[PDB]
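In what follows, one protein chain appears twice in different forms, each by itself as structure tokens: structure 1 and structure 2.
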Structure 1
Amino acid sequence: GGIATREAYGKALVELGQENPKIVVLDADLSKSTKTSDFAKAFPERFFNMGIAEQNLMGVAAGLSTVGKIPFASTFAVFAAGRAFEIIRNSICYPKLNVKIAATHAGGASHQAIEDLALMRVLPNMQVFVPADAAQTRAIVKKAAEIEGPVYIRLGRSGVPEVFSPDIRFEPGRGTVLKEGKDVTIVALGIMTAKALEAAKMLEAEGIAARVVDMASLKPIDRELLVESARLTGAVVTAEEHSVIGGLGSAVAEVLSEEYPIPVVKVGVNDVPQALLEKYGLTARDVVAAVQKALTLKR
């Protein structure tokens, strides 16, 4: 029972505020919890909390980034994929502004943005990071503050299992081998990383040794680690709480098809808390099933 990535994000911003005087935080939420958050109390002069439309909040972030601030804009994936999309694309990505978008994803059907990562991935300059747990969130937030350019960080509201130690360092374009195995590689991000580890345990019990790779860095992706995993194991399963189109599965297939073609079987949302994970097919057992399918495709 580790804390939510959204909660880890809030704590990481307080540390960043202490260490980096250029960091500013923007939030359009006017609730009491927001106004009395740790960042709000510790750095009131760098906390921009106003009742303004989400697309306008992104526009403010854009402006502040051009005058020497490093804005972290707290928002929701549904806004990023909808009403704020145009400003993100036209004002932030093409001009390459230094805005960090911290988008909470709630895990109609529209109000669930199942393709947020896909939309951000296709924009120029945008980097897309999906922390697995509290410790990785902190590492991603600190790194995002130091890199130049637009960043999308996907967060969650519910507690998620601990996967990494507190002193992990994050680097864009670098993933992590969490477990070794020669028969298949499972590449996962977000909540699916812990489930990939669970799946690898279940697979061991049936005589299948799975390498498990965390790929929080969805864009830019770790091409060399994917190619090395492909050469060693000969088959990949990707797992993401996201549409199977345009996310991790697509990014991995795009890389391997041009470098070292092997089976890539995608676990994700196919169509449009636990009962919904189960209906969409985002359990450890779903990953197991995908691995069995990946093994049959080896040639």
Structure 2
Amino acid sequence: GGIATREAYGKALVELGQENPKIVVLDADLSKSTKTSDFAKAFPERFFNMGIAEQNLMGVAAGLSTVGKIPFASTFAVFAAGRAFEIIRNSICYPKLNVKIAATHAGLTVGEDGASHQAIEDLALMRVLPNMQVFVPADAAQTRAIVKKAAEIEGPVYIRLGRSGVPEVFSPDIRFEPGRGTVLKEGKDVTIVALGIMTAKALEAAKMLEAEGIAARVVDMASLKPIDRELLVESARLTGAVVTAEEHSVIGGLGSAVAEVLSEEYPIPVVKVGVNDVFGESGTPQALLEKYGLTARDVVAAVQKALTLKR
């Protein structure tokens, strides 16, 4: 029972605004919902609402980055990654400009707004962009570490955030390093690689597996791009089987990124837990996670399948 990653983001932005006069923040009439509203209240002269205009949001952010500002641009993930995709591509990533995109309301945990608002594709879109770094915090502590690191990095960054409160995984002392994943639990039988809301569920699955004599390694991979290739290969050598778990399509996200690495370096089973190439629907976050197979019990089922496939 921790705060939402969007709430941790809003507080981290105010901290950055206090530390660094070059930070500016933009939104697209969703400041109340993304939690850029905290910064908007503290620093109104460095906050720019662009109205309901996500293509121009990202173009204006690109231009601000060339006048000595470090812009954070926010809206919901479907609109940030998708409506503005080709502006991010040609005005931010190609020229390698210093823009941070902090997109909230990703995944099914958006809930009742339903399919048009539930981003299940945003990691596929941001991972394919050259020069983009893609970071997916698990909880409030890792959100604060990732937001502060994104402000220090020179170049494009996408931070994926969520609507709903999520359980604590990391301590307040967490240090975020791009290209490094974290072993949260050791085990010889299988590795569960997860990010976002699925990291806490992977730890719950690992407790359920221990109760039936299966020892799962659990890896958090908030750093989706650049991914921790060395930790994936180490996990493959130790355990011989991987389950991936993501609040995202099984196409083009974490499962895809892990399959790409291990198929070229150390080929082993990679069984993917995620949204099965469908759109979502309106419902409570918990009812949606149950229906679409994003629960600890679904991770346990995927581990049982992976164990039948391993050498």
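Residue numbering: sequential along structure 1, first residue numbered 1. Only the largest set of C-alpha atoms that superpose within 1.5 Å between the two forms is called the rigid core.
Just one of the listed positions, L226, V160, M126, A81, moves its Cα by at least 2 Å between the two structures when the rigid core is held fixed, and it is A81. If you fit the rigid core between the two structures, you'll see the Cα of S31 move by 2 angstroms or more. For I245, the Cα coordinates differ by under 2 angstroms between the two structures after the core has been superposed.
Superposed on the rigid core, the forms differ at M50: its CA is offset by 3.9 Å between the two structures. Taking the core as reference, the C-alpha deviation of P95 between the two structures is 1.2 Å.
A C-alpha shift of 0.3 Å is found for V213 between the two structures, based on superposition of the rigid core.
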